[PDB]
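Here is input_18.pdb, consisting of PDB, C-alpha atoms and all ligand atoms:
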```pdb
ATOM      1  CA  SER A   5     -10.824 -27.479  64.423
ATOM      2  CA  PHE A   6     -13.209 -25.298  62.187
ATOM      3  CA  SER A   7     -11.759 -22.023  60.802
ATOM      4  CA  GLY A   8     -13.060 -18.861  59.106
ATOM      5  CA  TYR A   9     -16.582 -19.193  60.596
ATOM      6  CA  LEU A  10     -18.573 -16.064  61.492
ATOM      7  CA  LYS A  11     -20.121 -16.371  64.963
ATOM      8  CA  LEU A  12     -23.934 -15.706  64.804
ATOM      9  CA  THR A  13     -24.953 -16.680  68.384
ATOM     10  CA  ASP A  14     -23.384 -18.461  71.491
ATOM     11  CA  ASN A  15     -23.541 -21.734  69.525
ATOM     12  CA  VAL A  16     -24.226 -21.112  65.810
ATOM     13  CA  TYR A  17     -21.380 -20.335  63.362
ATOM     14  CA  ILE A  18     -21.573 -19.827  59.593
ATOM     15  CA  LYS A  19     -19.202 -19.954  56.587
ATOM     16  CA  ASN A  20     -19.425 -19.707  52.804
ATOM     17  CA  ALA A  21     -18.044 -23.145  52.033
ATOM     18  CA  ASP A  22     -18.624 -26.379  50.138
ATOM     19  CA  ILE A  23     -19.640 -28.806  52.918
ATOM     20  CA  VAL A  24     -17.738 -31.725  51.205
ATOM     21  CA  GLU A  25     -14.539 -29.702  51.212
ATOM     22  CA  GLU A  26     -15.163 -28.564  54.821
ATOM     23  CA  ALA A  27     -15.694 -32.194  55.896
ATOM     24  CA  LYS A  28     -12.513 -33.464  54.118
ATOM     25  CA  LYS A  29     -10.421 -30.704  55.645
ATOM     26  CA  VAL A  30     -11.764 -30.871  59.210
ATOM     27  CA  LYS A  31     -12.987 -34.531  59.361
ATOM     28  CA  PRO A  32     -15.507 -33.551  62.065
ATOM     29  CA  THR A  33     -17.125 -35.936  64.521
ATOM     30  CA  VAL A  34     -20.487 -35.326  62.803
ATOM     31  CA  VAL A  35     -21.354 -34.139  59.308
ATOM     32  CA  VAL A  36     -25.079 -33.555  58.714
ATOM     33  CA  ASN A  37     -26.612 -34.716  55.467
ATOM     34  CA  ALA A  38     -29.725 -33.021  53.996
ATOM     35  CA  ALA A  39     -31.410 -36.421  53.591
ATOM     36  CA  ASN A  40     -34.798 -37.545  52.241
ATOM     37  CA  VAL A  41     -36.857 -40.339  53.973
ATOM     38  CA  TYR A  42     -35.534 -42.933  51.511
ATOM     39  CA  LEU A  43     -31.833 -41.961  52.013
ATOM     40  CA  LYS A  44     -31.625 -41.653  48.168
ATOM     41  CA  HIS A  45     -28.633 -39.263  47.934
ATOM     42  CA  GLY A  46     -29.337 -37.945  44.419
ATOM     43  CA  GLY A  47     -28.730 -34.216  44.395
ATOM     44  CA  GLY A  48     -27.910 -31.198  46.542
ATOM     45  CA  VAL A  49     -25.854 -31.807  49.688
ATOM     46  CA  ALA A  50     -26.800 -35.539  49.722
ATOM     47  CA  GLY A  51     -25.599 -36.203  46.148
ATOM     48  CA  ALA A  52     -22.403 -34.277  46.794
ATOM     49  CA  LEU A  53     -21.596 -36.017  50.150
ATOM     50  CA  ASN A  54     -22.403 -39.424  48.663
ATOM     51  CA  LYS A  55     -20.248 -38.824  45.550
ATOM     52  CA  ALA A  56     -17.328 -37.806  47.862
ATOM     53  CA  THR A  57     -17.642 -41.247  49.592
ATOM     54  CA  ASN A  58     -17.393 -43.032  46.177
ATOM     55  CA  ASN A  59     -21.053 -44.158  46.681
ATOM     56  CA  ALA A  60     -20.205 -45.949  49.982
ATOM     57  CA  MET A  61     -22.785 -43.730  51.773
ATOM     58  CA  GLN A  62     -25.528 -44.914  49.323
ATOM     59  CA  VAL A  63     -24.582 -48.628  49.732
ATOM     60  CA  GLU A  64     -24.714 -48.236  53.534
ATOM     61  CA  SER A  65     -27.974 -46.215  53.342
ATOM     62  CA  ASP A  66     -29.723 -48.814  51.161
ATOM     63  CA  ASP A  67     -28.801 -51.543  53.710
ATOM     64  CA  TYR A  68     -30.173 -49.252  56.488
ATOM     65  CA  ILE A  69     -33.493 -48.735  54.573
ATOM     66  CA  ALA A  70     -33.787 -52.487  53.766
ATOM     67  CA  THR A  71     -33.560 -53.253  57.509
ATOM     68  CA  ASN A  72     -35.467 -50.304  59.050
ATOM     69  CA  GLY A  73     -37.709 -48.789  56.415
ATOM     70  CA  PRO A  74     -37.802 -45.092  55.604
ATOM     71  CA  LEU A  75     -37.129 -42.244  58.007
ATOM     72  CA  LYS A  76     -39.888 -39.812  59.024
ATOM     73  CA  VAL A  77     -39.860 -36.204  57.716
ATOM     74  CA  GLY A  78     -38.284 -34.342  60.672
ATOM     75  CA  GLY A  79     -36.404 -37.515  61.702
ATOM     76  CA  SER A  80     -32.813 -38.674  61.533
ATOM     77  CA  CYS A  81     -30.417 -41.575  61.697
ATOM     78  CA  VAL A  82     -26.713 -41.834  62.540
ATOM     79  CA  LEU A  83     -24.608 -43.683  59.938
ATOM     80  CA  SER A  84     -20.840 -43.781  59.119
ATOM     81  CA  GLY A  85     -19.181 -40.564  58.015
ATOM     82  CA  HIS A  86     -16.903 -42.623  55.686
ATOM     83  CA  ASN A  87     -13.934 -40.439  54.509
ATOM     84  CA  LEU A  88     -15.758 -37.204  55.519
ATOM     85  CA  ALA A  89     -16.456 -37.497  59.253
ATOM     86  CA  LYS A  90     -16.639 -40.034  62.148
ATOM     87  CA  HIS A  91     -20.459 -40.085  61.621
ATOM     88  CA  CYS A  92     -23.052 -38.742  59.266
ATOM     89  CA  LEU A  93     -26.272 -37.582  60.864
ATOM     90  CA  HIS A  94     -28.812 -37.948  58.046
ATOM     91  CA  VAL A  95     -31.561 -35.433  58.861
ATOM     92  CA  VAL A  96     -34.834 -35.191  56.905
ATOM     93  CA  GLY A  97     -36.020 -31.619  56.623
ATOM     94  CA  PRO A  98     -39.468 -30.982  55.014
ATOM     95  CA  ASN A  99     -39.297 -30.677  51.205
ATOM     96  CA  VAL A 100     -41.603 -27.760  50.366
ATOM     97  CA  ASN A 101     -41.331 -28.733  46.630
ATOM     98  CA  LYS A 102     -43.113 -32.027  47.656
ATOM     99  CA  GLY A 103     -45.857 -30.254  49.715
ATOM    100  CA  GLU A 104     -44.319 -31.279  53.087
ATOM    101  CA  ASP A 105     -45.153 -29.255  56.233
ATOM    102  CA  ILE A 106     -42.585 -26.459  56.941
ATOM    103  CA  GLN A 107     -43.557 -26.752  60.683
ATOM    104  CA  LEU A 108     -41.443 -30.011  60.663
ATOM    105  CA  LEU A 109     -38.242 -27.940  60.164
ATOM    106  CA  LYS A 110     -38.035 -27.342  63.941
ATOM    107  CA  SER A 111     -38.367 -31.136  64.583
ATOM    108  CA  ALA A 112     -35.619 -31.715  61.980
ATOM    109  CA  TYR A 113     -33.207 -29.261  63.762
ATOM    110  CA  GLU A 114     -33.979 -30.897  67.138
ATOM    111  CA  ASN A 115     -31.948 -33.882  65.919
ATOM    112  CA  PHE A 116     -28.775 -31.684  66.087
ATOM    113  CA  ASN A 117     -29.204 -31.401  69.902
ATOM    114  CA  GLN A 118     -28.125 -35.059  70.350
ATOM    115  CA  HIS A 119     -24.565 -34.137  69.179
ATOM    116  CA  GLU A 120     -22.115 -31.774  70.888
ATOM    117  CA  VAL A 121     -20.714 -30.332  67.688
ATOM    118  CA  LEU A 122     -21.748 -30.686  64.053
ATOM    119  CA  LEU A 123     -20.760 -29.514  60.589
ATOM    120  CA  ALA A 124     -24.133 -28.956  58.789
ATOM    121  CA  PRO A 125     -26.003 -27.435  55.865
ATOM    122  CA  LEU A 126     -29.150 -25.260  56.354
ATOM    123  CA  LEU A 127     -32.010 -27.769  56.540
ATOM    124  CA  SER A 128     -34.785 -27.610  53.866
ATOM    125  CA  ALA A 129     -32.803 -24.906  51.959
ATOM    126  CA  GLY A 130     -31.629 -25.301  48.274
ATOM    127  CA  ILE A 131     -33.445 -27.987  46.287
ATOM    128  CA  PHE A 132     -35.719 -28.700  49.365
ATOM    129  CA  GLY A 133     -37.481 -25.379  48.523
ATOM    130  CA  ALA A 134     -37.806 -23.595  51.890
ATOM    131  CA  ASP A 135     -36.663 -19.977  52.571
ATOM    132  CA  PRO A 136     -32.974 -20.216  53.791
ATOM    133  CA  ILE A 137     -33.429 -17.073  55.970
ATOM    134  CA  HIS A 138     -36.296 -18.898  57.781
ATOM    135  CA  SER A 139     -34.137 -22.086  58.088
ATOM    136  CA  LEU A 140     -31.331 -20.119  59.748
ATOM    137  CA  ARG A 141     -33.839 -18.541  62.205
ATOM    138  CA  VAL A 142     -35.260 -21.994  63.118
ATOM    139  CA  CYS A 143     -31.684 -23.294  63.474
ATOM    140  CA  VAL A 144     -30.542 -20.586  65.985
ATOM    141  CA  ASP A 145     -33.894 -20.848  67.874
ATOM    142  CA  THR A 146     -33.811 -24.716  68.033
ATOM    143  CA  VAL A 147     -30.201 -25.925  68.119
ATOM    144  CA  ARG A 148     -28.458 -25.568  71.515
ATOM    145  CA  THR A 149     -25.342 -27.601  70.603
ATOM    146  CA  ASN A 150     -22.410 -26.166  68.530
ATOM    147  CA  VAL A 151     -23.423 -25.989  64.847
ATOM    148  CA  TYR A 152     -20.966 -24.965  62.083
ATOM    149  CA  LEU A 153     -23.109 -24.146  59.069
ATOM    150  CA  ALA A 154     -21.570 -24.397  55.627
ATOM    151  CA  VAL A 155     -23.549 -22.333  53.011
ATOM    152  CA  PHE A 156     -22.502 -23.295  49.464
ATOM    153  CA  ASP A 157     -23.902 -20.241  47.642
ATOM    154  CA  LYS A 158     -21.852 -16.948  48.235
ATOM    155  CA  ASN A 159     -24.776 -14.650  47.356
ATOM    156  CA  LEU A 160     -27.055 -16.563  49.746
ATOM    157  CA  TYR A 161     -24.304 -16.555  52.443
ATOM    158  CA  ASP A 162     -24.041 -12.723  52.152
ATOM    159  CA  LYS A 163     -27.828 -12.338  52.276
ATOM    160  CA  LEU A 164     -28.072 -14.629  55.353
ATOM    161  CA  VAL A 165     -25.336 -12.737  57.298
ATOM    162  CA  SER A 166     -26.587  -9.254  56.257
ATOM    163  CA  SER A 167     -30.212 -10.051  57.220
ATOM    164  CA  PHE A 168     -29.507 -11.962  60.483
ATOM    165  CA  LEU A 169     -31.494 -10.526  63.311
TER
HETATM  166  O1  LIG B   1     -22.393 -29.852  44.885
HETATM  167  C1  LIG B   1     -22.675 -29.430  46.018
HETATM  168  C2  LIG B   1     -23.951 -28.914  46.405
HETATM  169  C3  LIG B   1     -24.124 -28.388  47.620
HETATM  170  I1  LIG B   1     -25.989 -27.512  48.047
HETATM  171  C4  LIG B   1     -23.056 -28.359  48.587
HETATM  172  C5  LIG B   1     -21.869 -28.879  48.220
HETATM  173  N1  LIG B   1     -21.691 -29.392  46.981
END
```
Would you mind writing the file out in structure tokens?
Amino acid sequence: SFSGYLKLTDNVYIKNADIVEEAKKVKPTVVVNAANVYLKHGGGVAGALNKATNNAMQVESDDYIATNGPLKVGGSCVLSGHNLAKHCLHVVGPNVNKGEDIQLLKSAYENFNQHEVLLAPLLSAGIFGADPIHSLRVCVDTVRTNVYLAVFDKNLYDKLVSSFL
């Protein structure tokens, strides 16, 4: 299963790792994508996960959007995990850089509760513009299922562990 994770709470674990590399090594049941409402996997975690699937995630996502329309901010959808996981839970955290409401971060993390165990990034962190310390606090206070957080940035990882209440 997952290795080298630091236990934060009863159910939240954290590691300084590239989520693509974590997914290829573990091949978890669920890998969470930091998605936008259009499932346009351009940059950040989404661009990286999609590129690891040789664009298969984008092809599948475009078919999903053609059929169903866009997701809601705070919403999610379950798609194939391709070569990374059994499934990919595409979760839309609020993008602060696009003026979206940070209050929706709790709704976004609520999606994780429908899955027993997940490999995930910190929602709304990185290019989404929210404070990662706040995202980790919402995560531990919202997610009740087992979440293995992969934090790409080492300096951020250290700051998150050292400041965790
Ligand atoms: O290139 C990337 C970005 C991020 I954020 C996580 C993993 N790979």
Given the file shown, enumerate the residues that the PyMOL selection byres (((chain A and resi 18-23) around 12) and not hetatm) captures and present them as a ChimeraX atom specification.
-> /A:6-13,15-17,24-32,34-38,48-54,56,88-89,122-126,140,143-144,150-165,168
Residues picked by the PyMOL selection byres (((chain A and resi 149) around 6) and not hetatm) here, as a ChimeraX atom specification?
-> /A:117,120,147-148,150
Give me, please, the distance in Å between atom CA of residue A:109 and atom CA of residue A:145, quoted to one decimal.
-> 11.3 Å
In Å, with one decimal, what is the gap from atom CA of residue A:90 to atom CA of residue A:14?
-> 24.5 Å
List, as a ChimeraX atom specification, every residue that the PyMOL selection byres (((chain A and resi 97-102) around 8) and not hetatm) selects in the file provided.
-> /A:38-40,77-79,95-96,103-106,108-109,112,127-128,131-134
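Across A:91, A:46, A:116, A:137, the tightest approach to ligand LIG 1 (chain B) is made by A:46 when counting only C-alpha atoms and all ligand atoms.
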To box stretch 155-162 of chain A, take all atoms listed in the file, fit an axis-aligned box, add 8 Å on each side, and give centre and edge lengths in Å to one decimal, as lines of an AutoDock Vina configuration file.
```
center_x = -24.5
center_y = -18.0
center_z = 50.2
size_x = 21.2
size_y = 26.6
size_z = 21.7
```
Distance atom CA of residue A:43-atom CA of residue A:141, one decimal place?
->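 Taking atom CA of residue A:43 as the start and atom CA of residue A:141 as the end point, the length is 25.6 Å.
Across A:66, A:113, A:45, A:118, the tightest approach to ligand LIG 1 (chain B) is made by A:45 when counting all atoms listed in the file.
The nearest approach to ligand LIG 1 (chain B) among the residues A:42, A:86, A:47, A:58, with all atoms listed in the file taken into account, belongs to A:47.
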Looking at only C-alpha atoms, which of A:119, A:87, A:111, A:166 is the one that sits closest to residue A:55?
-> A:87
Can you put N, CA and C atoms back into stretch 112-142 of chain A and show it as a CSV table (one decimal), in the coordinates of the input?
```csv
chain,number,residue,atom,x,y,z
A,112,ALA,N,-36.8,-31.3,62.7
A,112,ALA,CA,-35.6,-31.7,62.0
A,112,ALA,C,-34.4,-31.2,62.7
A,113,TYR,N,-34.4,-29.8,63.1
A,113,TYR,CA,-33.2,-29.3,63.8
A,113,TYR,C,-33.0,-29.8,65.2
A,114,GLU,N,-34.1,-30.3,65.8
A,114,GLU,CA,-34.0,-30.9,67.1
A,114,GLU,C,-33.0,-32.1,67.2
A,115,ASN,N,-32.9,-32.8,66.0
A,115,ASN,CA,-31.9,-33.9,65.9
A,115,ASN,C,-30.5,-33.5,66.2
A,116,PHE,N,-30.1,-32.2,65.9
A,116,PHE,CA,-28.8,-31.7,66.1
A,116,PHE,C,-28.4,-31.6,67.6
A,117,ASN,N,-29.4,-31.5,68.5
A,117,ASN,CA,-29.2,-31.4,69.9
A,117,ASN,C,-28.6,-32.7,70.6
A,118,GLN,N,-28.7,-33.8,69.8
A,118,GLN,CA,-28.1,-35.1,70.4
A,118,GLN,C,-26.6,-35.2,70.1
A,119,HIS,N,-26.0,-34.1,69.5
A,119,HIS,CA,-24.6,-34.1,69.2
A,119,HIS,C,-23.9,-32.9,69.6
A,120,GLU,N,-22.8,-32.9,70.3
A,120,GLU,CA,-22.1,-31.8,70.9
A,120,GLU,C,-21.7,-30.7,69.9
A,121,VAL,N,-21.2,-31.2,68.8
A,121,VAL,CA,-20.7,-30.3,67.7
A,121,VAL,C,-21.0,-31.0,66.4
A,122,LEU,N,-21.4,-30.2,65.4
A,122,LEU,CA,-21.7,-30.7,64.1
A,122,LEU,C,-21.4,-29.7,63.0
A,123,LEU,N,-20.9,-30.2,61.8
A,123,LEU,CA,-20.8,-29.5,60.6
A,123,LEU,C,-22.1,-29.8,59.8
A,124,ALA,N,-22.8,-28.7,59.4
A,124,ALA,CA,-24.1,-29.0,58.8
A,124,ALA,C,-24.5,-28.0,57.7
A,125,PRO,N,-25.4,-28.4,56.8
A,125,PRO,CA,-26.0,-27.4,55.9
A,125,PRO,C,-27.3,-26.8,56.5
A,126,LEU,N,-27.9,-25.8,55.9
A,126,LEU,CA,-29.2,-25.3,56.4
A,126,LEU,C,-30.2,-26.2,55.9
A,127,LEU,N,-31.0,-26.8,56.9
A,127,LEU,CA,-32.0,-27.8,56.5
A,127,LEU,C,-33.1,-27.2,55.7
A,128,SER,N,-33.7,-28.0,54.8
A,128,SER,CA,-34.8,-27.6,53.9
A,128,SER,C,-34.4,-26.5,52.9
A,129,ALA,N,-33.2,-26.0,52.9
A,129,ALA,CA,-32.8,-24.9,52.0
A,129,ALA,C,-32.4,-25.6,50.6
A,130,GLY,N,-32.0,-24.8,49.6
A,130,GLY,CA,-31.6,-25.3,48.3
A,130,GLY,C,-32.8,-26.0,47.6
A,131,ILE,N,-32.5,-27.2,47.0
A,131,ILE,CA,-33.4,-28.0,46.3
A,131,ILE,C,-34.7,-28.5,47.1
A,132,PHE,N,-34.6,-28.4,48.5
A,132,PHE,CA,-35.7,-28.7,49.4
A,132,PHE,C,-36.8,-27.6,49.3
A,133,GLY,N,-36.5,-26.4,48.8
A,133,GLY,CA,-37.5,-25.4,48.5
A,133,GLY,C,-37.9,-24.4,49.6
A,134,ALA,N,-37.4,-24.5,50.8
A,134,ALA,CA,-37.8,-23.6,51.9
A,134,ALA,C,-37.0,-22.3,51.8
A,135,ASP,N,-37.4,-21.2,52.5
A,135,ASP,CA,-36.7,-20.0,52.6
A,135,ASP,C,-35.4,-20.2,53.5
A,136,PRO,N,-34.2,-20.0,52.9
A,136,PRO,CA,-33.0,-20.2,53.8
A,136,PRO,C,-32.9,-19.3,55.0
A,137,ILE,N,-33.4,-18.0,54.9
A,137,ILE,CA,-33.4,-17.1,56.0
A,137,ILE,C,-34.3,-17.7,57.1
A,138,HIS,N,-35.4,-18.2,56.8
A,138,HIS,CA,-36.3,-18.9,57.8
A,138,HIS,C,-35.6,-20.1,58.4
A,139,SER,N,-34.9,-20.9,57.6
A,139,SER,CA,-34.1,-22.1,58.1
A,139,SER,C,-33.1,-21.7,59.1
A,140,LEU,N,-32.4,-20.6,58.8
A,140,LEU,CA,-31.3,-20.1,59.7
A,140,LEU,C,-32.0,-19.7,61.1
A,141,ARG,N,-33.1,-19.0,61.0
A,141,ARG,CA,-33.8,-18.5,62.2
A,141,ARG,C,-34.3,-19.7,63.0
A,142,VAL,N,-34.9,-20.8,62.4
A,142,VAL,CA,-35.3,-22.0,63.1
A,142,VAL,C,-34.0,-22.7,63.7
```
